[PDB]
Amino acid sequence: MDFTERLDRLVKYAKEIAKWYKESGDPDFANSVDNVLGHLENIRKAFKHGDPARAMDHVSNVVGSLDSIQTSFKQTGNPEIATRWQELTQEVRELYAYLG
């Protein structure tokens with residue numbers, strides 16, 4: 001349950017979701033997930049460079065972004081993306097629990 005592995009899986013989930021909607025013809029929604037992805041990528045780097053403060057900031061800003069998407073993420077569409085996003089949200093809050 002290492003911080004490093006959890007973060008790696010975040011990058012994977014937000015990749016495959018942005019990738020999915022890109023093929024499905026959703027430019028804005030795929031971009032929004034890729035923006036979360038870019039934050040996750042930046043967390044991975046910030047923490048790696050020995051900066052926990054900015055890492056915690058970027059994580060809490062991701063938890064906020066996820067919640068903002070979840071409220072607009074109505075119904076249960078693709079079983080694939082429903083699980084990948086359920087994973088993504090829970091896991092980011094696991095990193096947040098590993099931080100503070």
# chains A, B, ... in the order shown; residues from 1 in each chain; ligands from 1
$ residues_around --residues "residue 31 (chain A)" --least-positions-apart "5" --cutoff "12 Å" --atoms "only C-alpha atoms" --output "PyMOL selection string"
chain A and resi 14-15+17-22+25-26+36-38
$ write_last_selection --atoms "N, CA, C and O atoms" --output "PDB file, in the first residue's frame"
ATOM      1  N   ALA A  14      -6.618   8.223 -14.586  1.00  0.00           N
ATOM      2  CA  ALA A  14      -6.921   9.508 -15.228  1.00  0.00           C
ATOM      3  C   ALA A  14      -6.423   9.556 -16.694  1.00  0.00           C
ATOM      4  O   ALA A  14      -6.993  10.281 -17.515  1.00  0.00           O
ATOM      5  N   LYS A  15      -5.365   8.770 -17.016  1.00  0.00           N
ATOM      6  CA  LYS A  15      -4.924   8.566 -18.415  1.00  0.00           C
ATOM      7  C   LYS A  15      -6.014   7.862 -19.227  1.00  0.00           C
ATOM      8  O   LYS A  15      -6.485   8.405 -20.219  1.00  0.00           O
ATOM      9  N   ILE A  17      -9.143   7.169 -18.708  1.00  0.00           N
ATOM     10  CA  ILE A  17     -10.448   7.852 -18.753  1.00  0.00           C
ATOM     11  C   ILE A  17     -10.409   8.997 -19.793  1.00  0.00           C
ATOM     12  O   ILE A  17     -11.279   9.069 -20.663  1.00  0.00           O
ATOM     13  N   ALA A  18      -9.358   9.852 -19.728  1.00  0.00           N
ATOM     14  CA  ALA A  18      -9.156  10.957 -20.704  1.00  0.00           C
ATOM     15  C   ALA A  18      -9.014  10.408 -22.144  1.00  0.00           C
ATOM     16  O   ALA A  18      -9.529  10.983 -23.101  1.00  0.00           O
ATOM     17  N   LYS A  19      -8.329   9.265 -22.236  1.00  0.00           N
ATOM     18  CA  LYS A  19      -8.092   8.504 -23.477  1.00  0.00           C
ATOM     19  C   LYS A  19      -9.410   7.972 -24.067  1.00  0.00           C
ATOM     20  O   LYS A  19      -9.639   8.061 -25.280  1.00  0.00           O
ATOM     21  N   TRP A  20     -10.264   7.438 -23.175  1.00  0.00           N
ATOM     22  CA  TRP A  20     -11.556   6.834 -23.536  1.00  0.00           C
ATOM     23  C   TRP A  20     -12.483   7.876 -24.167  1.00  0.00           C
ATOM     24  O   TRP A  20     -12.956   7.701 -25.294  1.00  0.00           O
ATOM     25  N   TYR A  21     -12.708   8.968 -23.419  1.00  0.00           N
ATOM     26  CA  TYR A  21     -13.606  10.053 -23.834  1.00  0.00           C
ATOM     27  C   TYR A  21     -13.081  10.792 -25.072  1.00  0.00           C
ATOM     28  O   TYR A  21     -13.872  11.307 -25.851  1.00  0.00           O
ATOM     29  N   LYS A  22     -11.749  10.798 -25.258  1.00  0.00           N
ATOM     30  CA  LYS A  22     -11.097  11.366 -26.458  1.00  0.00           C
ATOM     31  C   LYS A  22     -11.570  10.630 -27.732  1.00  0.00           C
ATOM     32  O   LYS A  22     -11.929  11.261 -28.734  1.00  0.00           O
ATOM     33  N   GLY A  25     -15.380  11.135 -28.508  1.00  0.00           N
ATOM     34  CA  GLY A  25     -15.745  12.454 -29.049  1.00  0.00           C
ATOM     35  C   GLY A  25     -16.184  13.444 -27.978  1.00  0.00           C
ATOM     36  O   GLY A  25     -17.117  14.227 -28.188  1.00  0.00           O
ATOM     37  N   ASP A  26     -15.493  13.409 -26.834  1.00  0.00           N
ATOM     38  CA  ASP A  26     -15.716  14.326 -25.702  1.00  0.00           C
ATOM     39  C   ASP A  26     -14.419  15.127 -25.465  1.00  0.00           C
ATOM     40  O   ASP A  26     -13.582  14.703 -24.668  1.00  0.00           O
ATOM     41  N   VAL A  36      -6.831  16.913 -14.342  1.00  0.00           N
ATOM     42  CA  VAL A  36      -6.667  16.166 -13.074  1.00  0.00           C
ATOM     43  C   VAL A  36      -5.370  15.336 -13.148  1.00  0.00           C
ATOM     44  O   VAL A  36      -4.574  15.325 -12.215  1.00  0.00           O
ATOM     45  N   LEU A  37      -5.164  14.717 -14.322  1.00  0.00           N
ATOM     46  CA  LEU A  37      -4.014  13.871 -14.645  1.00  0.00           C
ATOM     47  C   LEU A  37      -2.709  14.676 -14.539  1.00  0.00           C
ATOM     48  O   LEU A  37      -1.723  14.192 -13.986  1.00  0.00           O
ATOM     49  N   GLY A  38      -2.728  15.905 -15.096  1.00  0.00           N
ATOM     50  CA  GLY A  38      -1.590  16.820 -15.041  1.00  0.00           C
ATOM     51  C   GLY A  38      -1.250  17.262 -13.626  1.00  0.00           C
ATOM     52  O   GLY A  38      -0.077  17.513 -13.320  1.00  0.00           O
TER      53      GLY A  38
END
$ select_by_dssp --residues "region 34-91 of chain A" --states "helix (DSSP H, G or I)" --output "NGL selection string"
:A and (34-48 or 52-72 or 79-91)
$ closest_residue --among "A:76, A:60, A:71, A:83" --to "residue 13 (chain A)" --atoms "only C-alpha atoms"
A:83
$ closest_atom_pairs --of "region 66-89 of chain A" --to "region 40-43 of chain A" --cutoff "12 Å" --atoms "only C-alpha atoms" --output "Markdown table"
| residue | atom | partner | partner_atom | distance |
| --- | --- | --- | --- | --- |
| A:66 | CA | A:40 | CA | 11.6 |
| A:88 | CA | A:40 | CA | 10.5 |
| A:89 | CA | A:40 | CA | 11.7 |
$ atom_distance --atom1 "CA of residue 94 (chain A)" --atom2 "CA of residue 1 (chain A)"
9.4 Å
$ atom_distance --atom1 "CA of residue 27 (chain A)" --atom2 "CA of residue 7 (chain A)"
24.9 Å
$ closest_residue --among "A:53, A:82, A:92, A:69" --to "residue 39 (chain A)" --atoms "only C-alpha atoms"
A:92
$ closest_residue --among "A:100, A:3, A:45, A:85" --to "residue 33 (chain A)" --atoms "only C-alpha atoms"
A:85
$ atom_distance --atom1 "CA of residue 67 (chain A)" --atom2 "CA of residue 84 (chain A)"
14.8 Å
$ residues_around --residues "residue 91 (chain A)" --least-positions-apart "6" --cutoff "9 Å" --atoms "only C-alpha atoms" --output "list in words"
residues 6, 7, 9 and 10 of chain A
$ closest_residue --among "A:24, A:11, A:5, A:96" --to "residue 63 (chain A)" --atoms "only C-alpha atoms"
A:96
